[PDB]
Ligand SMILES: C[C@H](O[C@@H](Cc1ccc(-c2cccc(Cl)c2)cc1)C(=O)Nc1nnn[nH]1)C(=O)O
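Below you will find one chain, with nothing else, as structure tokens; this is the form solved without the named molecule, and questions on how it binds or moves follow later.
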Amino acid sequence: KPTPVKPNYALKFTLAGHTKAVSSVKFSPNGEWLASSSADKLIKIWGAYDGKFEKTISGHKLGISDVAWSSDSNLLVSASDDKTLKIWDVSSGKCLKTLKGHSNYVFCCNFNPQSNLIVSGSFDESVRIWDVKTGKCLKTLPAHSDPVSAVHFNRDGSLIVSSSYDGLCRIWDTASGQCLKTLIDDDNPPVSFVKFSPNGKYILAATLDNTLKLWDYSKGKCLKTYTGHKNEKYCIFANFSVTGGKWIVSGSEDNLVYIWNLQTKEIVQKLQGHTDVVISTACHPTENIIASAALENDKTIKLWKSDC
């Protein structure tokens, strides 16, 4: 009979250097680098396989809540309490553009696959779509009635998903700016994170009632519910891990990384080592490697590797 695999993620490196809470870590699409953002106003670049610090990128006037890579691994965009996003050339560290228009903290950001567009979400309750080349805002979606906790493009860039403390996940046509679907729950707990699945057919959404859910957004149906972790206070990133076994990965307010079997919903591993909330996790594009990062009483990033 087949025997289901469980992962065996083990700590390989701890990445110290930020001087305040780390807010977000992301692997570059080419697998070579990890970028981190922090409340210390800095972006740092690290080797993905050895954790070696490479450079610091600076210029935001206030702390940073998110960072994201372009698909060519050459650009980053960051989202800051200074109400701007900045586009950076990673090789030179230079700020290429400052994206202005939000009226409150910018909280989340992402490029589309072609990386000609950036999507942002803000405490100002809007989602903005920006032209990478000109640095100008192309559209403002009247998306939410509370802070926007996450924004993500699907695999061909034709759709955006946004989430908010207003309790909604909303699906947007990138080209027309129209909302094509709003997903609700009876009580509408705050939605603290959302992203599309790799195949673009599902969204994974976190709510501040200690729950993650996998939804078929087109069918409007919840397929899977993941529990056991703690998430009532922070916008914690979650991920689909696909390089080995098919897992859901998330941080947690008990300072652990949780890994569940996507289909059975069983917890298959908990990764311990951080000394504050694990606000961010990321999965390497080709290797079974997780990066995790934690808040003010920790200030570090950890790299973990599994055989499957």
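Shifts are known only where both forms have a C-alpha. The term rigid core refers to the most C-alpha atoms you can superpose between the two forms while keeping them within 1.5 Å. Don't overthink the numbering: it's just position in the shown sequence, from 1.
The same protein also has a form solved in complex with the named molecule, omitted here; what follows describes it.
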_Can you check whether the pocket is open or blocked when the named molecule is overlaid onto this chain using its placement in the bound PDB entry? Blocked = 3+ ligand atoms within 2.4 Å of backbone or C-beta._
blocked
*Any idea which of 174 to 182, 85 to 93, 234 to 242, 133 to 141 reaches within 4.5 Å of the named molecule in the bound PDB entry, heavy atoms considered?*
234 to 242
*Answer with yes or no whether residue 202 is in contact with the named molecule in the bound PDB entry, where contact means some heavy atom within 4.5 Å.*
yes
_Contact with the named molecule in the bound PDB entry for residue 224, defined as at least one heavy atom pair within 4.5 Å: yes or no?_
yes
*Using 4.5 Å between non-hydrogen atoms, is residue 246 touching the named molecule in the bound PDB entry?*
yes
*residue 263: heavy atom within 4.5 Å of the named molecule in the bound PDB entry?*
yes
*Between the options 114, 188, 98, 197, which residue brings a heavy atom to within 4.5 Å of the named molecule in the bound PDB entry?*
197
*Just give me the single entry in 129, 75, 214, 159 that has a non-hydrogen atom within 4.5 angstroms of the named molecule in the bound PDB entry.*
214
*Superpose the two forms on the rigid core, then report in sequence order the stretches of at least three consecutive residues whose Cα positions each move 2 Å or more between this form and the one not shown.*
185 to 187
